[PDB]
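What follows is a short report on a single structure.
Every chain is numbered from 1, with letters handed out A, B, ... down the list of sequences. Side chains are part of it too, since the values below use all heavy atoms of this structure and drop only hydrogens, waters and symmetry mates.
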Amino acid sequence: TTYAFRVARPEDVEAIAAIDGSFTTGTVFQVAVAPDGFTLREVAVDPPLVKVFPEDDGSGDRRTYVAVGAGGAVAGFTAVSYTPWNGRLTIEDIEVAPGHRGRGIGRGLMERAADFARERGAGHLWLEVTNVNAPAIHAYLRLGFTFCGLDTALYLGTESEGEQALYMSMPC
Amino acid sequence: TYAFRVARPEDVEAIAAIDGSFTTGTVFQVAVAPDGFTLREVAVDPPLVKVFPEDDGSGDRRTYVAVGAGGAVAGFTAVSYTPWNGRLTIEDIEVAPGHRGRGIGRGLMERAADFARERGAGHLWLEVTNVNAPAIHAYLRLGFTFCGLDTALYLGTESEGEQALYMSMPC
Ligand SMILES: NCCC[C@H](N)CC(=O)N[C@@H]1[C@H](O)[C@@H](OC(N)=O)[C@@H](CO)O[C@H]1NC1=N[C@@H]2C(=O)NC[C@@H](O)[C@H]2N1
Ligand SMILES: NCCC[C@H](N)CC(=O)N[C@@H]1[C@H](O)[C@@H](OC(N)=O)[C@@H](CO)O[C@H]1NC1=N[C@@H]2C(=O)NC[C@@H](O)[C@H]2N1
């Protein structure tokens, strides 16, 4: 019980904001576009890519969960979003604080997302991940997500141009 | 044979009747691997009948209309601009059942392209179900290529079993 999980309250919103999800990676997922399909291959990059997410990301059925340590600091969060149309719970964000990884916070937050999904009658969880976010992709694969598609054009004209939006899902 | 203009309130009821329901002897089959996605056009026998659902789950917006002699709508396109990624979404483009093979598709998409360059768009983008081979062939003809897909988009919908394919082209 190193970490407790609960619905986020107003005092958590400011702590959530500071966990921006910025990462370093020695690998990226390269997207190869053919006329008849798309291939993902993990490739080493030297020196390591430093990715800071932009301040402008282009943005009852909503919910934010938070992982809290003994001193009351937010160690992680997930913001989820339900669309009844296709029974999709979108994992809009999931982050673990830099110094709190390898302690089952990721799994715990996703388990709370899954609880909300079954509460709303969702058929699948779904998330967007940039092809350069190899650490997150490995984390999502570990938690049972698989690639369900991509949009190689989504980040065109954005601060993230050169990257591809990869889509992952899992049933519940 | 056909003139193009911005759609007016009296066109809304005619636009509604043009749902784009089709028959096809082929579909684009989606193969999911752990490391990617493959699209292969495959014959289906007997022909697939696709009726689009009434519930589709839905300055920078614009609707164009193709008009014949006698002033009847022969087709339309609704487009949508997002400055964030300079994307003009072709939200819908349909030609009336009896008016195909007359360059209405091309004409409507040319009006979409004019709006894109007017707004400074970097690319056009559309969604098409994998079973809509006729539309996919039309879009390929007009210069669109596949830029991705979402095999999970239609889960829990009337269209479950189909995959949402994404196509784009630069301006
Ligand atoms: N920020 C922490 C991570 C947040 C989550 N993982 C969600 C995510 O992936 N957001 C990414 C990320 O903010 C960043 O992408 C890169 N590569 O940095 C920017 C591009 O600059 O695009 C975002 N994507 C978007 N898709 C949405 C869309 O289609 N319509 C509406 C609008 O919401 C769109 N924004
Ligand atoms: N009439 C011709 C179609 C013209 C266009 N290309 C529009 C299109 O493709 N609509 C399809 C089509 O209505 C149908 O799909 C099948 N397979 O029939 C249903 C599945 O029931 O899903 C629609 N898609 C959607 N995507 C959107 C989304 O992501 N969020 C919000 C909302 O807008 C969503 N709706």
Q: Kindly determine whether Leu155(B) and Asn86(A) satisfy side chain to side chain contact (heavy atoms under 4.5 Å, CB included), including the steps that lead there.
A: CA-CA 6 Å; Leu155(B) 285 173; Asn86(A) 61 351; 5.6 Å; no
Q.
Could you go through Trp85(A) and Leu153(B), starting from their C-alpha distance and side-chain angles, then the distance that decides it, and tell me whether this counts as side chain to side chain contact (heavy atoms under 4.5 Å, CB included)?
A. CA-CA 10 Å; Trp85(A) 160 63; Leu153(B) 189 67; 3.9 Å; yes
Q: Output, in order, the C-alpha distance, side-chain angles, deciding distance and verdict of side chain to side chain contact (heavy atoms under 4.5 Å, CB included) for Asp150(B) and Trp126(A).
A: CA-CA 10 Å; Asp150(B) 187 349; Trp126(A) 184 99; 3.1 Å; yes
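Following chains of ILVMFWY side-chain contacts shorter than 4.5 Å, one cannot reach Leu126(B) starting from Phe76(B), and the two form parts of different hydrophobic clusters. Connection of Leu165(B) to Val131(B) is not established within any shared hydrophobic cluster, with ILVMFWY side chains joined at heavy-atom distances below 4.5 Å, either directly or through further cluster members. Taken together through direct or relayed side-chain contacts under 4.5 Å among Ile, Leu, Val, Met, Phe, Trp and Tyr, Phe5(A) and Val80(A) form part of one hydrophobic cluster. Cluster membership for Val30(B) and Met170(A), using ILVMFWY side-chain heavy atoms within less than 4.5 angstrom, is shared. Both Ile137(A) and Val32(B) are part of a single hydrophobic cluster, where members link through side-chain heavy atoms under 4.5 Å apart.
Residue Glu10(B) places its CD atom among more than 12 non-hydrogen atoms of other residues, nucleotides or ligands, all under 6.0 Å distant. Within 6.0 Å of CZ in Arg141(B) there are 12 or fewer heavy atoms belonging to other residues, nucleotides or ligands.
Residue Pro34(B) touches chain A through its backbone alone, counting heavy-atom pairs closer than 4.5 Å. Only the side chain of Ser169(A) comes within contact range of chain B, with heavy atoms under 4.5 Å apart. Within the 4.5 angstrom heavy-atom criterion, no atom of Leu140(B) approaches chain A.
Your options are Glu160(B), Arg87(B), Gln163(B), and the one with the most heavy-atom pairs under 4.5 Å with chain A is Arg87(B). Counting heavy-atom pairs closer than 4.5 Å to chain B, the top residue among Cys148(A), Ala32(A), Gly157(A) is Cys148(A). By number of non-hydrogen pairs under 4.5 angstrom with chain A, the leading residue of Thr82(B), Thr145(B), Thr157(B) is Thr157(B). Listed options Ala153(A), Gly123(A), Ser160(A) were ranked by heavy-atom pairs under 4.5 angstrom with chain B; first place goes to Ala153(A).
Residue-level contacts of residues 37-75 of chain B with chain A, in order of numbering, are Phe37(B), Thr38(B), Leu39(B), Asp56(B), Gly57(B); threshold 4.5 Å between heavy atoms.
With rounding to the nearest 0.5 Å, the separation of CZ in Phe147(A) from CG in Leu149(B) is 12.5 Å.
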